[PDB]
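Numbering (the entry's author numbering), first residue to last: 57 to 496.
One structure below.
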């Protein structure tokens, strides 16, 4: 079962790997130190640690070999993600890292591409051997996300992966751990039920990634995790990602890392309460009024519904309500352009049922508590994401259920990426062709 070796007696008998692969093109050093400090805090990165690499700013600037540099731009993307631009240099250079970013961030390429480079510097699997890079994820869905990126970027080489997670045939995973995987992704539960049968082993693990560490401990995989990391040689490179910062994540990082850099990209992320169902639809500005009515009537048969509509201009809450009451919707517009005299009986006739549907702007969305709002509808997609979550937050907290409908178009491109990271935080269904903003 357990037994936890002494890493002074078995360690100097173990072979020894190299884990630095970064060239640090002189394009990046120097730029410097007013614009890499401007770049760093424009992605709201907050780094700390010793000897922290300057971020790259294009694919060529990351010291990637070509069999993966070619396939990383072949995705048709310019100027790789912020998390990729500070993460790839420290990962390729073999340091350990604790990264703070929201659940759903563009984190998995951060460490899978340097992992691929980490493998093809090392002897082959030499039958009897187990994985080189080991990734631990809480959920099956993230584990398969990760393996999609590991076979996409691994195909160029022999790199073979097999993720072992729970709720699937436990002998077609004995048959996949049988067959020399260089990458093994595992929920910690099933990794321990394959390590007592001894169908796999971690004594060639040199590169460890704990993804979504915080919600790995939430579901109490901490016992499991702690007794898989003991089994791994302590001169490994170790990368750990977390959205929150509990006392135990703080200690998990303390126990199982070694001189790590601390990168925080996110903003200590916010609830987007899970009582709300979220409906996004990729549409044009043109056909958008058409789909207003479809959902307006889907909500407008249940009494007493109360919908809240948002649009970008305040001029386009008049044209939206002049349209909406012209075929008999009890719709009133709220905004500061006119008459704040008669702006606050729209709400004395909103929390009763006199006019269930009220249309307003983000600037107009100012400190009013009319909660009871059902089926809130973003006609015009906002420019930041801290407003989207402030928009949709007014439904379903007492009556802890509600719906949110968003009309997403191409003039929200820069918000596509961040928006998906708010849905997988809340384990919500994602439109099949909103997903094309997933990373970068």
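Think of the CB as a built atom: it goes at the ideal place given N, C-alpha and C, for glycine as much as any other residue.
Is residue j closer than 8 angstroms to residue i when the C-beta atoms are compared?
i           : j           : result
residue 421 : residue 447 : yes
residue 487 : residue 336 : yes
residue 265 : residue 295 : yes
residue 237 : residue 217 : yes
residue 145 : residue 121 : no
residue 214 : residue 243 : no
residue 268 : residue 193 : yes
residue 331 : residue 160 : no
residue 339 : residue 133 : no
residue 241 : residue 203 : yes
Please classify residue i: is it buried, with 16 or more other beta-carbons within 10 angstroms of its beta-carbon, or exposed?
i           : result
residue 163 : buried
residue 414 : buried
residue 445 : buried
residue 228 : exposed
residue 119 : buried
residue 440 : exposed
residue 59  : exposed
residue 130 : exposed
residue 81  : exposed
residue 384 : exposed
Give me whichever residues DSSP pairs with residue i in a beta bridge.
i           : result
residue 432 : 460
residue 415 : 365 and 389
residue 335 : 461
residue 155 : 297 and 319
residue 217 : 239
Would you identify the three-state DSSP class for residue i, choosing helix, strand or coil?
i           : result
residue 263 : strand
residue 296 : strand
residue 189 : strand
residue 28  : Outside the shown range of the chain, which is 57 to 496, sits residue 28, and nothing can be said about it.
residue 281 : helix
residue 103 : strand
residue 118 : coil
residue 42  : As shown, the chain starts at 57 and ends at 496. That puts residue 42 outside it, with no answer to give.
residue 172 : helix
residue 79  : coil
residue 148 : helix
residue 492 : helix
residue 330 : coil
For the ligand HEM, I want to know if residue i counts as a neighbour, meaning its beta carbon is within less than 7 angstroms of at least one of the ligand's heavy atoms.
i           : result
residue 294 : Although the ligand HEM was asked about, the structure shown includes no ligands whatsoever.
How close, in whole Å, do the beta carbons of residue i and residue j come, if the pair is a contact with beta carbons under 8 angstroms?
i           : j           : result
residue 261 : residue 188 : 7 angstroms
residue 171 : residue 75  : At roughly 11 angstroms, the Cβ-Cβ gap does not stay under 8 angstroms, so residue 171 and residue 75 are not in contact.
residue 212 : residue 127 : 6 angstroms
residue 139 : residue 317 : The Cβ separation is near 13 angstroms, so there is no contact.
residue 158 : residue 462 : The Cβ separation is near 18 angstroms, so there is no contact.
residue 473 : residue 495 : 7 angstroms
Counting contacts by CB-CB distance shorter than 8 angstroms, is residue i in contact with chain C?
i           : result
residue 358 : This model lacks chain C altogether; it includes just one protein chain.
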